[PDB]
Amino acid sequence: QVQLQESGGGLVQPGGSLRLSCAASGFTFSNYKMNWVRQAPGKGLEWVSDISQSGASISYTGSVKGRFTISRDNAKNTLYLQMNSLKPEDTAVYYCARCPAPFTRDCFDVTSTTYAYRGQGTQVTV
Amino acid sequence: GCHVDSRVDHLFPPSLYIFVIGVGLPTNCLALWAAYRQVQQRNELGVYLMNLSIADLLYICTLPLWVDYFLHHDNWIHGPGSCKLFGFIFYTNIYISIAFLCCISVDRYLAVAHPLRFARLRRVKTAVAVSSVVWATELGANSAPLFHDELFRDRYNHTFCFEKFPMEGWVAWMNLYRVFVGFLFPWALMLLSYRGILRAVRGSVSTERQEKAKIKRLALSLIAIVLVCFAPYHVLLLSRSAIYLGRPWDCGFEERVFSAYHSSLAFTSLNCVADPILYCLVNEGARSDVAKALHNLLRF
Amino acid sequence: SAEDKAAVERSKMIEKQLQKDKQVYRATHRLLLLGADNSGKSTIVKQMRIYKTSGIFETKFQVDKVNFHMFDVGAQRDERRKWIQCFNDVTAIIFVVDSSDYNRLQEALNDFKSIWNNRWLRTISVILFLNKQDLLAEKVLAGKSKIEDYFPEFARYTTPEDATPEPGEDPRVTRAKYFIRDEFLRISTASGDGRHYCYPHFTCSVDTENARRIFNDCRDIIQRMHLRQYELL
Amino acid sequence: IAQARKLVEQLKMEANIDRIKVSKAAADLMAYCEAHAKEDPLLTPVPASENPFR
Amino acid sequence: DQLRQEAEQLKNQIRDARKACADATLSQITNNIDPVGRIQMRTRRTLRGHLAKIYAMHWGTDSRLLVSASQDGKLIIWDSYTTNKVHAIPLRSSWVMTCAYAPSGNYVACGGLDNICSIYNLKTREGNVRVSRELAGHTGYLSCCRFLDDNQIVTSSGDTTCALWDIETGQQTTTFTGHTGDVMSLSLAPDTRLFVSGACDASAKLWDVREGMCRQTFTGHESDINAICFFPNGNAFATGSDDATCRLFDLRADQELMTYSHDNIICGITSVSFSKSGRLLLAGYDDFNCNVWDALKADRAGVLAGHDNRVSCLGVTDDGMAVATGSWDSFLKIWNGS
Ligand SMILES: CC(C)CCC[C@@H](C)[C@H]1CC[C@H]2[C@@H]3CC=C4C[C@@H](O)CC[C@]4(C)[C@H]3CC[C@]12C
Ligand SMILES: CC(C)CCC[C@@H](C)[C@H]1CC[C@H]2[C@@H]3CC=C4C[C@@H](O)CC[C@]4(C)[C@H]3CC[C@]12C
Ligand SMILES: CC(=O)OC[C@@H](O)COP(=O)(O)OCC[N+](C)(C)C
Ligand SMILES: CC(=O)OC[C@@H](O)COP(=O)(O)OCC[N+](C)(C)C
């Protein structure tokens, strides 16, 4: 039932601009605070950024700050992440994740080795 | 007994007693309910609180008869048998409220300034040992009146109760014991304990300035209300005792302190209305408990 | 009624034993130790024991004749969104973070955010232990790794007057230390509503005074709890 | 690699099982509920004479 | 990537079959049913001997003795009828998540964060409780170790693996590693041949004790599943999850057949149980009160509102005479109707 599918990616030269989409099915898109994760070659899962149910609260990792942005579309059940000023050190498999429980402000295991509420992910290369 | 003065002893004490009976029985009942709730949640404080209310309710349940007394210009119309019961419960309840008020201060100081040390002294079962050794000691150490005549009769139509202005030595040493041991020592204990609490609060890294000053104001009000209510009467009692032991104008002085004495013993009853507010209604948690009780009552 | 009387007698003995256990239970305080793989929580546990797939380890220590139970999670999977709910009545949570490693510091910040925002951890003060300060100082002195790349907001940061730099401490090291401390305190104060507080401490793996800090934090927490309980706060 | 093969197998095992109609598995928990409804102390309370928790 | 495509095709086939079966809804076959009505269960007896939050309990076969586990580290066996405490077993690890009573009443099992289920014998000739057996081998926290007989215990652990153990030899007789998240609780069917468990992935699985393979899987929930119980007949089970919605699943249907949820209800479900008919699905909630629903019409039947903290453990006697609730206020409460 629960399924998160990520769309977008492909090879890009340093400094390009892309947009990654995230479609979710099975749960209610609104009640769940969602994030973005990335696994990079030779590295572990890294917490990129988050967006809450309302969408009026955001947080980014400084490495992707000033460059990437997060938006939500509850009606489309779709999350969007813009990539700008892409650097070669931002090449990885990007995963779409949601916080375990709804109406909840804490998300503990979003960055675990195995997480039962994360999508397959898409390989963004630079 | 030298002739006495009753200009304002006819209205003011009766009015204050009626006011307390009107705003004291409700509020003390609410305080008693909240204290029982606190003990229901295994809190030692409630044990001290409950008893206090029980004392106040036993002081307010005797004031009607003293209003009757005063309205007839001291004329008791109920016999000595009632002046042996309702007089004891009316003079000893002030000194039992003093005692139970001091227990709360010691408990709060031990809890705040010694959070991890005295668990044994902070159970709901070491509070039914102190709450009983206080109720016994107050009702035994203030029992001398029960051995003497209460109903004295002067020549000006005035019958009496527990009071003979041509005072006697037993009354003298009882008044002195009441003034120093009864009232001042517990008050100083309360002041010291609240000072300890405030100095402990001042060191809290997790308490903001607003909360620290709110605690300061609450403690200062609690300490000062006792004084405002009781000192006006204890000072008069001490002055009477000194005048009688030295006997400068053994009669004259007594003529001009009838109304003052009877109006100062009525200000004391004001401690029965301040206690249920400062200890139950002021606090937001106990106020919410009282409001839950009112919500339940409204739908019964 | 002999069988019934024996049953009530046995119940009375069990009640007496449970009362003894009650007195013992209120005589000790429970603390939860948490940290990442990089954080030297194991070293702290070793240096605080001076007073098989077990899953959980227990450390019994004593400070000022006050007993303290520390529980460290062992052979348990990475997932922690469920068993953490067993630690909803602990006196405090000691969180250990590696300030030297700028990378993975955001992971520690996110873990602290999750702990603070957890519903069942809203009434438990968290003791913050910024560990491995010597390594952070050496890294700052070397200059090979720059905090600006990981934290672009560090460039504008200035050491606050509230800061108390140690004797013989370079301004850069203290600036970075207090920048990370303010990063933690921002999250601490964002959701704090008077029922939750943090205790930022600068600690090292080789430190004999961590127990004193933990005892002081527990004293303050219980003092606040008594203040609220005894109708004063 | 081999965790996908195992999941494929566990998805064939689960796709080769016999199944029955929903209204035939829905009107059976119904008959079980109806045939054991006069013996439930919490749905049809027992009087205060045979109740052990009086 | 071929295996992933094959798995997707198989999942699509599963969905198509389950849809092919679904013509009507439980609600329709049950619209012609008289509602249960308001349930006014009241607290008859209260147990206050426990110290800390209770986390697990299990009714005995005799419906007279109950076992309760409390995180103070105490397993108390109470006599419900007379309120007397039959036994009090101190535990080595204060953190206990599960406890079970043997069908014969001779053995009591407990387990928690220690990754061990400990079994104590109550029928010792000396009359004193002692550690009869300790079972280790799980790499996660034990969430539910239940009994099948005196010498065989099935347990669920936080390593995404369930186990069947022979208690005489003390080794893992059978292992189940089909889940992908923390298994939270399992329920044994009365037939004592199949058992259904739920994991922290919105997934419940049916397992066979004798064979040792997954039979059926159900993924109708959104959030993690915390409670599971078998409907009396053994052909259905109720599930509670953190998403604040309960569901009813049937083994033969192989798909969800009921959902119990409400807009006002925002908290999840910690423990669920059925009644002796199956018409009263009782369920704990984090809102500090239990709710009993009509399992056939999804109509709220009653609310047990007496509790100061989260209700953790729920139990129903074998004869359905009383309902026992244990919450985090260190009080167990026995509720019965009038
Ligand atoms: C046992 C737990 C609930 C702690 C609280 C115990 C309270 C309710 C008990 C202990 C001491 C008791 C008091 C002891 C003596 C007296 C004097 C008598 O002339 C009136 C009743 C009164 C005032 C009692 C009322 C009940 C009392 C206040
Ligand atoms: C009983 C009747 C006749 C007199 C009542 C007097 C009351 C209103 C007075 C007496 C003592 C006073 C307190 C004494 C000192 C302080 C601390 C100050 O920083 C704020 C006000 C505060 C907290 C006062 C509040 C009002 C107070 C409680
Ligand atoms: C540990 C605790 O909470 O107990 C405190 C309690 O002991 C204090 O009460 P006392 O000061 O002894 O009362 C004296 C009253 N007096 C003088 C007889 C009128
Ligand atoms: C009742 C009795 O036997 O006496 C006990 C008495 O010691 C309680 O009063 P404390 O609160 O401890 O005063 C200390 C306050 N301090 C330190 C000055 C700020």
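Residue 1 is the first one shown; counting continues down the chain.
In case you wondered, yes, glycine gets a Cβ from its N, Cα and C as well.
The repeat 'WD 1' annotation in Swiss-Prot covers E:42-90, and the record cites experimental evidence as its basis. Per DSSP, the repeat 'WD 1' (E:42-90) is made up of 0 helix, 30 strand, 19 coil.
Taken from Swiss-Prot, the feature repeat 'WD 2' covers E:91-136.
The feature repeat 'WD 3' is assigned by Swiss-Prot to E:137-177, with experimental evidence given as support. Residue counts for the repeat 'WD 3' (E:137-177) under DSSP, split into helix (H, G, I), strand (E, B) and coil, are 0 helix, 25 strand, 16 coil.
As annotated by Swiss-Prot, repeat 'WD 4' applies to E:178-219.
In terms of DSSP helix, strand and coil, the repeat 'WD 5' (E:220-263) has 0 helix, 23 strand, 21 coil. The repeat 'WD 5' annotation in Swiss-Prot covers E:220-263 and rests on experimental evidence.
Its Cβ placed at the centre, E:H262 (phosphohistidine) has 12 other Cβ atoms within 10 Å. The phosphohistidine annotation in Swiss-Prot covers E:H262 and rests on similarity to another entry.
As annotated by Swiss-Prot, repeat 'WD 6' applies to E:264-305, with the evidence given as experimental evidence. Long-range contacts of the repeat 'WD 6' (E:264-305) within its own chain (CB-CB distance under 8 A, at least 6 residues past either end) are made by residues 26-27, 30-31, 33, 35-41, 223, 226-233, 236, 238-244, 246, 248, 258, 311-316, 319-320, 323, 325, 327, 333, 335.
Taken from Swiss-Prot, the feature repeat 'WD 7' covers E:306-336.
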Paired segments the repeat 'WD 7' (E:306-336) and the repeat 'WD 3' (E:137-177) in contact, 3+ CB pairs under 8 A: no
Residues from the same chain, set at least six apart from the ends of the repeat 'WD 3' (E:137-177), whose C-beta lies under 8 A from its own: 56, 58, 97-98, 100-104, 106-107, 109-117, 119, 183-188, 192, 195, 197, 199, 205, 207, 209, 212, 214
Secondary structure content of the repeat 'WD 4' (E:178-219), with strand meaning DSSP E or B: 0 helix, 23 strand, 19 coil
Residues of the repeat 'WD 2' (E:91-136) by DSSP state, where helix covers H, G and I: 0 helix, 25 strand, 21 coil
